[PDB]
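Worksheet: the structure to be examined is printed underneath.
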Amino acid sequence: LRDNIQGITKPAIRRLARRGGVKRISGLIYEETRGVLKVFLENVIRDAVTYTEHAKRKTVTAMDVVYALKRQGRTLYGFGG
Amino acid sequence: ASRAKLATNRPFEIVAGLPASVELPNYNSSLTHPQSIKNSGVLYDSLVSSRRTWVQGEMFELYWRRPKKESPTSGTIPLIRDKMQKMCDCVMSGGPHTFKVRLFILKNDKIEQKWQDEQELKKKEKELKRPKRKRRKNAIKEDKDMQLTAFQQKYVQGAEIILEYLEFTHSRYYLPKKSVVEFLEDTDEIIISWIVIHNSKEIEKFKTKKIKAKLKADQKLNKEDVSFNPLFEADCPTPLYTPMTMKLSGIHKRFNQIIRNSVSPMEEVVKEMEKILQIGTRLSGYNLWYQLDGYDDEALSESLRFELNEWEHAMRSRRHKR
DNA sequence: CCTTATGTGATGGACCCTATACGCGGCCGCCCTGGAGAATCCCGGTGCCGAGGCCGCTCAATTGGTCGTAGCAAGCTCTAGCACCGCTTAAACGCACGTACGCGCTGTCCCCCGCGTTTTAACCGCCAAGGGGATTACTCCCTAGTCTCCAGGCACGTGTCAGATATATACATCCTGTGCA
DNA sequence: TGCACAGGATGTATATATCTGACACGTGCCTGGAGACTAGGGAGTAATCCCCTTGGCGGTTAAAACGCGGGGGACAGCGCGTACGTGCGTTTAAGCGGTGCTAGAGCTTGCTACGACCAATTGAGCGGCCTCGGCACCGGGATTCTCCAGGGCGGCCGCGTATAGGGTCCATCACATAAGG
């Protein structure tokens, strides 16, 4: 796996921003958005993986993700809580 | 295009922004409170539109436009002036409208080189073979009017002619090579006729696609071991076409030869036109309704009035710029 | 046809007058010089009152024993994840045109800082308290932590009913030889 | 000759039916309520001692308020240049369902070893009290930064010396021609 930071593409950022109602966009936005997403994912994934490793475990379950997010204060409903 | 979308069921359609129908307008049957032509101005709008379009339409292929402004692009103006030769002033009729033109030649360099070679050959052939009379001045004048001066003697055949509007010197267009030219010796009038296709860009682009396909096929065959005419091709899109005809007046005998030599072999374009006439979709002829109802068409009437006002407001500045 | 010497008719050029740099001088941007002075720096140099040290002592950290059930170790088993196939688009991409948006610079003018004078809020000392509130303890007693039986109602699953999908049909939208006008 | 229609051909919106999801009804087990025992934390009771306003009052002070100048900050206009918006043709690999493996997850074990619970000791830690040196304030000489004035160069502007230069209007010039013999 390589260059997957690019894999998000521009059009995905476009559509997501479109949901946000932005009428006008700049080219530089994409790189910044990718960086923000990268650091967010890194933090969430580290929390989830440490939640997993506690349980003498190998498969990250949706419980690990949802409770990791809860520890980051971001509360998520609808996945078996 | 932004003109008010006509209310449903009006007895007219908006063609080119104006109320028109295919059939002859029956105001007396259709209108209860017809506004005067003065009130409507539809006729006025039509006339202004017609003239302007004739100044700017697609009849002749555009080739030069004055650049919209130590930029060296100024220095190119004399170069473009010199790349054409200057020729004398002539009148043109466009439908009910008439226009005036001065003539300009587009300098074919191959004709210059061939003329130098021909003078070389003639010189070598000749070497191998080997008060003041005003009436003479009049004879020279008449000779130069019906025979040819040097620039005309070189540019008899294959010379290139550019058209310009003396009321709008900003655009220059090519005289149609695919045109039928008739020189009336009795009236000194010249009638030009040509067929024009409204979706010609579509046909040219499909033509490019076909050319690419044929090139790809030839390349594929070569990997193992052309008068392309779009109008003949079976897969060509339907041309929306119009036939056009126009009369020139005021051209002098010597210029007629240059013009007469300039146009294409007649039978070939005739056959091409006949194909176009079988495959083409002819533009439908329709009638403008110059009178509108003050009540049902109030919005349309006022919109037209407003647009006319803006047009006139702009038109003064055009001479104020001179 | 030979054979003097120039008509034909513009693009190429010299000119008129324009307008200009700058001599001497000033407004001004600016280097910088320049002062006055409005702050800020660091070091006493001091007298105050808290940090922190010292002691009395008490109650809870530590100990040795017991009981018992929560975590651990397989380890049985089974289904959700992983991987490769391989058609089918369609979401990405390169590229073309333009246009309306962001930035650079404009002049304007109004409001909010720097500063001076007046007005208000607050404390000291008058005059020394009483009220009532939070902390502290004793004394029942009631409450639901506990084990246990009873019998269930709630959860896991299968059957049934509906919907979305599938495909005959009763003509629908037409082909085409040929007998009729 | 060309039209009317007798005889015949693909199709399809209409109509009849088959191919997938979700909800209600049946089993059946880890239960939830209930009965009775239980005690020690909650709640009712009683100081008790300490901290909170009295209450407005004058004589003051430090901070708040109000007034003013002005100058520069905000900000509405807008020339323009381009970099995102819209629209192609074209490619990728994201999506779809399919086949073959598995290893990681789920849980049932059988029971142990470590920690809940308990008397008893004792010393670390808290509560009270006492103190000199770490802190708090600023006086001073010195640092340093602010801001208008402005010496002086000279960008640019002013009176006007004399001067260098352009667009503007004038023409001179060449190819091959007009004429005589």
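Values for this structure:
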| item | result |
| --- | --- |
| Boolean, B:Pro25 is in a loop (DSSP other than H, G, I, E, B), crowded, with 16+ Cβ neighbours inside 10 Å, on the phi < 0 side of the Ramachandran plot and in contact with a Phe, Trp or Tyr (Cβ under 7 Å, 6 or more places away or on another chain) | yes |
| Any hit, region A:6-15, residues being away from DNA strand C (no atom under 13 Å from the Cβ), away from chain B (no Cβ under 14 Å) and not charged (D, E, K, R) | no |
| Members of region B:297-322 that are surrounded by 12 or more Cβ atoms within 10 Å (Cβ to Cβ) and of a type in the set (A, V, I, L, M) | B:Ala299, B:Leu300, B:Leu304, B:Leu308, B:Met315 |
| Unique residue being within 15 Å of DNA strand C (Cβ to nearest atom) and not aromatic (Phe, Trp, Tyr) when the list is B:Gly75, B:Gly41 | B:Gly75 |
| Selected residue (only one of B:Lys114, B:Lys110 is surrounded by 12 or more Cβ atoms within 10 Å (Cβ to Cβ), more than 10 Å from DNA strand D (Cβ to nearest atom), more than 14 Å from chain A (Cβ to nearest Cβ) and in a helix (DSSP H, G or I)) | B:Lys114 |
| Failed condition for B:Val42, given (1) under 22 Å from B:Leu308 (Cα atoms); (2) within 24 Å of the chain's Cα centre (by Cα) | (2) |
| When residues of region B:72-101 are limited to those that are aliphatic (A, V, I, L, M) and assigned to a strand (DSSP E or B), the one nearest to B:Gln152 (Cα to Cα) | B:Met87 |
| Subset tally (residues that are surrounded by 10 or more Cβ atoms within 10 Å (Cβ to Cβ) and more than 10 Å from DNA strand C (Cβ to nearest atom)) for region B:124-141 | 2 |
| Candidates B:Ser249, B:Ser262, B:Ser284, filtered to the one that is exposed (fewer than 12 other Cβ atoms within 10 Å of the Cβ), among the polar types (S, T, N, Q), more than 14 Å from chain A (Cβ to nearest Cβ) and more than 22 Å from B:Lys205 (Cα to Cα) | B:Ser284 |
| Residue within region B:31-42 that is within 30 Å of B:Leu106 (Cα to Cα), in a helix (DSSP H, G or I), β-branched (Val, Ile, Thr) and touching a strand residue (DSSP E or B) at 6+ places or on another chain (Cβ under 9 Å) present | no |
| Verdict on A:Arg14 being within 8 Å of DNA strand D (Cβ to nearest atom) and either more than 24 Å from A:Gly73 (Cβ to Cβ) or in a helix (DSSP H, G or I) (or both) | yes |
| Within region A:19-77, tally of residues that are more than 9 Å from DNA strand D (Cβ to nearest atom) and assigned to a loop (DSSP other than H, G, I, E, B) | 8 |
| Residue in region B:119-126 that is farther than 25 Å from B:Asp89 by Cα, away from DNA strand D (no atom under 12 Å from the Cβ) and of a type in the set (A, V, I, L, M) present | yes |
| In region B:149-179, residue farthest from DNA strand C (Cβ to nearest atom) [restricted to those that are buried (at least 16 other Cβ atoms within 10 Å of the Cβ), closer than 18 Å to B:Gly250 by Cα and among the aliphatic types (A, V, I, L, M)] | B:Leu175 |
| Check on B:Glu167, out of contact with any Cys (no Cβ under 6 Å at 6 or more places or on another chain) and within 26 Å of B:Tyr241 (Cα to Cα) | no |
| Single match in B:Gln291, B:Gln257 (criterion: surrounded by 17 or more Cβ atoms within 10 Å (Cβ to Cβ), more than 14 Å from chain A (Cβ to nearest Cβ) and touching a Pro at 6+ places or on another chain (Cβ under 9 Å)) | B:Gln291 |
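Okay, residues lined up against (1) within 14 Å of another protein chain (Cβ to nearest Cβ); (2) within 13 Å of the chain's Cα centre (by Cα); (3) within 25 Å of A:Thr75 (Cβ to Cβ); (4) surrounded by 11 or more Cβ atoms within 10 Å (Cβ to Cβ):
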site: A:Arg19; (1), (2), (3), (4): no, no, yes, no
site: A:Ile29; (1), (2), (3), (4): no, no, no, yes
site: A:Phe40; (1), (2), (3), (4): no, yes, yes, yes
site: A:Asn43; (1), (2), (3), (4): no, yes, yes, yes
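Using ideal geometry, Cβ is built from the backbone for each residue, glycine included, and neighbour counts are taken over all protein chains shown. Coordinate-derived values only; no laboratory data.
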